[PDB]
Q: 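Structure below; questions to follow.
Counting starts at 1 for both ligands and their atoms, following the listed order. One is the number of the first residue; the rest follow in order along the sequence.
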Amino acid sequence: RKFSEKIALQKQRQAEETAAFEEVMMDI
Ligand SMILES: [Zn+2]
Ligand SMILES: [Zn+2]
Ligand SMILES: [Zn+2]
């Protein structure tokens with residue numbers, strides 16, 4: 001349960017980072 005919660009939160013954090021990065025690239 002602990003491992004699965006950890007890897008789930010990291011994947012969400014990486015998805016938010018990708019969302020933020022894509023935003024920046026679209027701003028050129
Ligand atoms: Zn978050
Ligand atoms: Zn994307
Ligand atoms: Zn922007």
Q: Can you name the N, O or S atom of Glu16 that is closest to the Zn ion (ligand 1)?
A: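 Minimum-distance N/O/S atom of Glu16 relative to the Zn ion (ligand 1) is OE2.
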Q: Rounded to 10°, how many degrees is the angle OE2/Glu23-the Zn ion (ligand 3)-OD2/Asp27?
A: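 The OE2/OD2 angle about the Zn ion (ligand 3) sits at 120°.
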Q: Report, as yes or no, whether the 6.0 Å neighbourhood of atom CD on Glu5 holds more than 12 heavy atoms from other residues, nucleotides or ligands.
A: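 It does not: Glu5 CD has 12 such atoms or fewer within range.
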Q: For the atom pair CD (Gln10) and NZ (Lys6), what is the distance rounded to the nearest 0.5 Å?
A: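 So the CD of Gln10 and the NZ of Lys6 are separated by 4.0 Å.
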Q: Determine whether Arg13 and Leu9 satisfy the following criterion, side-chain contact (heavy atoms from CB on, under 4.5 Å), listing intermediate values before the conclusion.
A: CA-CA 6 Å; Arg13 182 69 160 88; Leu9 289 163; over 6 Å; no
Q: Give the intermediate values and the outcome of side-chain contact (heavy atoms from CB on, under 4.5 Å) for residues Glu17 and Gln14.
A: CA-CA 5 Å; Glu17 279 176 10; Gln14 292 293 141; 3.4 Å; yes
Q: Of all N/O/S atoms in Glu22, which lies nearest to the Zn ion (ligand 2)?
A: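 The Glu22 atom nearest to the Zn ion (ligand 2), restricting to N, O or S, is OE2.
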